[PDB]
């Protein structure tokens, strides 16, 4: 998908900018450290040691600023990808529903749209998981904090899906027409959802 490759490209470009900026700052600090040790070379040992401590503090500080800024980039990318996916989910849902209000209903069609809307909901959920996974990796304590929120979102995805199914259960002829293809779709879906909760608790 062009939206996929494009979003990853903007994220990529942001990362490169950010690293260029950090590299320049670091480079400036390392030059100053070297010049300072040169200035202090005839001072007592404890004073040379203080020069070193000073600049290892500057370096540590820069490194944490940079780590922080990287997480911000990641957050911005995740939000954007979420918007893209929310869109696609809403589009699949509308198409499936107009397929379901079409008269006469063509179950071929309906099940195909149902297919893609379930895939959209799934890819939404996957993104949610991947975001949480990243948080857990880089910052397990935050992840422990937001877990509840993720679970409640997952419950929303469920409810929305269920209602979406109920609509099919409204128009019984079509439903019975395609019921076992629907049953297998829900089969592997149930597997996916299970996989997701598994990846969640650990």
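Positions refer to the first chain, counted from 1.
Could you check the entry and say whether 78-86 or 103-111 has the higher mean CA B-factor? Comparing 78-86 with 103-111, the higher mean C-alpha B-factor belongs to 103-111.
- Query: Taking only the CA atoms, which stretch has the higher mean B-factor in the record, 181-189 or 17-25?
  - Reply: Per the PDB record, 181-189.
*Between 171, 52, 66, 135, which one tops the list for C-alpha B-factor in the PDB entry?*
If I rank 171, 52, 66, 135 by C-alpha B-factor, first place goes to 171.
_Just to confirm, going by the entry's C-alpha B-factors, which of 163, 152, 61, 39 comes out highest?_
Of the options given, 163 has the highest CA B-factor in the PDB entry.
- request: Looking at the entry's B-factor column for C-alpha atoms only, identify whether residue 71 ranks in the lowest, middle or highest third of its chain.
  value: Answer is middle: the recorded C-alpha B-factor places it there.
field: Relative C-alpha B-factor of residue 167, binned into the chain's lowest, middle or highest third
entry: Highest third of the chain for residue 167's C-alpha B-factor.
Taking the entry's C-alpha B-factors for this chain, is residue 175 in the lowest, middle or highest third?
Its C-alpha B-factor, which the entry lists for residue 175, ranks in the highest third among residues of this chain.
**Request:** For residue 128, return the chain-relative third of its C-alpha B-factor as stated in the PDB record: lowest, middle or highest.
**Result:** For residue 128, the deposited C-alpha B-factor lands in the lowest third.
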